[PDB]
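We give structure tokens for two forms of one protein chain below, kept apart as structure 1 and structure 2.
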Structure 1
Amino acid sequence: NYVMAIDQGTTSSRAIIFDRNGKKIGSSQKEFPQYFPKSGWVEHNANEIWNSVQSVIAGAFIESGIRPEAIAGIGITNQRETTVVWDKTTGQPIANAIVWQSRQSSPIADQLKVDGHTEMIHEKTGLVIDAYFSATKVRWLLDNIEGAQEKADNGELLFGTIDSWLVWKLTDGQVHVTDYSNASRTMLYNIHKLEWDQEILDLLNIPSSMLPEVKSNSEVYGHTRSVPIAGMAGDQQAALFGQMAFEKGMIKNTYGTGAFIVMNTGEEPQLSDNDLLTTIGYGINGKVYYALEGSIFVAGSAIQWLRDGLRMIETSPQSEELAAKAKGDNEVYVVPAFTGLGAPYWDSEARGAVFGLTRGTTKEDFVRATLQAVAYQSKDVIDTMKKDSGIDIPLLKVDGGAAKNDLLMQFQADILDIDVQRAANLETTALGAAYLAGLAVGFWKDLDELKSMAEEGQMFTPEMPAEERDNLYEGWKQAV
């Protein structure tokens, strides 16, 4: 009896599986190309997204010995606001999946700042005008291609952030679906009414025939060859809900292709006046809830910066190792605004660079800068998160492959101040295709049965000088 998944990575395409509690048993890997067309924009081939996905979902479906009168339904997940527009008959893309990182969706976002849509999108969707969301990217795919717009009203090409491309191309094409936290981020949805916003949908000229069905986070959707379809619900509303949310004001910190923070702030929408996002979190049974997320584009897109291209070294894991020999960190920097800054700033124009260059360095320190800025950008939205709620909360319930360390939670631990809970296992964002969507088939009924084991097996303490954290923040707003 299984409750598995999918999830379309921005870097890789991978896979896994569970049973009776806590025990480890099967893993992965496989990387697909980060295609590059032009300036601002990062692209992914929609075919090599789906080639890679069922290359690994047909894999972890099986990792140590058995098969099917076991399996029992299909959940889903995908990548940030990535618009895939495909045909209904063939299932072939008309264009590649324009990544969340992409900034060619800025000319169109500047036109929305001149009209007066800033106070309308922020009070109905809870977000902010920036080339990060799907709405600004679907217009792009519909203004450049020949047919698209009046193939859309006939019902040929369907919009759907990758999750819907994963539900659809699985079930032959039977169930075209979404959820409450994927849709709340497409910038075409209303966070309060729980349906698709028609007021935004006009201005951008996008139809209602293209849009997927927004169902419950926890509900049976369809059937196919794998067996019953089940659920999906926001990755940052996943490490948020991953180290246990359900109640008010709960937070975390992701450490992947972008390091993001979110806050499960009650069944009440908290409005941000100083550029933070308000999206949809999740409760205990199958009902809606709210969340305060910031957002950053580079962290693991940073675990996409020193190695391959400007080759320097030779194997993935080790890097906690060249770290033990030079304390004072020689006047170095980084603004990882590769494809837009993200953080409070936003500023879809600001790019990944920093000045101050002078004679006495080798092949060494900006490994520190490539390893410096998203707990400054996470900080920029964490010191925009707790302020957005008025809290003083305890421990960081961190997650992400960079903290394969006695040193990320030792450097991701130096100024934020208070102390963290290093998740001795760090993929809690991807905690999202085996509980919520496991409650409706009547096999456990509810999220209240196993507590006396969570020993966060890794923690590294503070030790000698204690008067230094302030001025080394005061000047980051001059590079940014």
Structure 2
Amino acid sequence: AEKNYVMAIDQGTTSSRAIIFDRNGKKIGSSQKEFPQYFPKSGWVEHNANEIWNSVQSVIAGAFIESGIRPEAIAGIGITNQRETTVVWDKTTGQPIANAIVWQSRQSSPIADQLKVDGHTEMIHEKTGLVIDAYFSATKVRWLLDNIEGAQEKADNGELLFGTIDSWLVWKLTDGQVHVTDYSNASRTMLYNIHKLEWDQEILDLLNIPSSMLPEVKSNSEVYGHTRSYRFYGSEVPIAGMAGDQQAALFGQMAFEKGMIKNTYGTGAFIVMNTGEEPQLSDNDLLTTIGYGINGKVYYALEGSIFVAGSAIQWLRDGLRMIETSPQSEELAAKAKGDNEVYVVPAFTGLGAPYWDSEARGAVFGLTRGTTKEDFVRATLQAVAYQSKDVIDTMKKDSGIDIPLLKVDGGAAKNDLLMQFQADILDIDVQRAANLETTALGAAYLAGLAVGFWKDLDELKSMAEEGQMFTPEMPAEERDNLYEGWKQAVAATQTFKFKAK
């Protein structure tokens, strides 16, 4: 009955993963599994919430199998997830009313556009810290209530429940007894007032979304409940940590103080800076969101979202069929002999921060007869490094402070050439985490703190390990020219706004 381990579940965009950690933060067992991605229409991205649940069941079992640990030895469970993605389900049957709409989907953009034409931009920003876009949960719920036959009526009759992925997983783990979400995930819905810390009745009324659908909002570190005995191999394990994946990574990077910033390279790339208990500054071209709430306090953050990063490589593999495997991209890019003047702006679903141009589409520039597959792949990889600079330069201007160090993590961070390029273009040190899955580590820490597995933040910091440090080694003239080309490439991309009439 000795509880010597904590489990973290990371439900991502294209795969789910579960990891069991010991008191020292060491990985004892891990498992990962992909699940189906659906693209019913150009720009639309959907997931089957039941398939997501099955992938989570699979990796939880997989982690126990690799570790050889008994479920009764788990002290607590932490859950982290792809944010914004929306699920609406029937409370009695627990069956989703349709596929979940992924954060990547643009299917609800017409609703978002209408909200802007009505002049609600400043209003929404004041309350939520966000920009009006189909990226967030709000318009996705509206889309579901508009397009799923009889859904609005069911919702008005209090038969339907809304939830981002964290809420959906806890509902499953507690078999319908707990319907909750944490501050971080709630702030990404565009339905939550991040200053008053409550669901915004004004926005809810505006979008005709009943309150009966909404989960209780709680902190990121506390016992929300426990797994049903039959939901965790006979044990009732405490579910005590919850956070959106990018915020969990911030916590896992131990970015607990104002100014601390990180970038996670995954399906998309997300730069997040801790701004403390007071979001006292300008957040122009960025997002003001809740980093995490612990010990009765709420810590805000500034964020810059780059929608397409790893998915650009997936496109080279599945769309153009240019590369056989995603990891192969690194091999090909390292062999590029071009002048490095080719630019790929993979804005498949619009440009993210600091642009926020939903009308822009993917583009390529500087192509010559000598451009090779290697050059094309290299340009595609470099795009995330360039836009990360666009975001960091914006943060520096908004915060007014200086950023001498960037902590990084995520799958793509494994590419040494790319991380070196990132440091080179930014002209600041880039410190990679000892273990790329800092997202899961962050969730584990939140749960661990809630159940006393770890006594306080200081004990966490004592587990810190030093990861590979990448220092700039590129002249000012070169990096200036490289970045200038990128700026002009994005500008040209933004001029192409063809709309068939």
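Along the sequence of structure 1, residues get numbers from 1 upward. Each form is matched to the other, and the largest set of C-alpha atoms that superpose within 1.5 Å is called the rigid core.
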Is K287 displaced by at least 2 Å at its C-alpha between the two structures when the rigid core is overlaid?
yes
With both forms fitted on the core, check whether the Cα of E455 differs by 2 Å or more between the two structures.
yes
Using the rigid core as the reference frame, would you say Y132 shifts its C-alpha by 2 Å or more between the two structures?
no
In Å, how large is the CA movement of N471 between the two structures relative to the superposed rigid core?
4.2
Look at the Cα of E119 between the two structures with the rigid core superposed and state its shift in Å.
0.7
After superposing on the rigid core, how many Å does the CA of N51 move between the two structures?
1.7
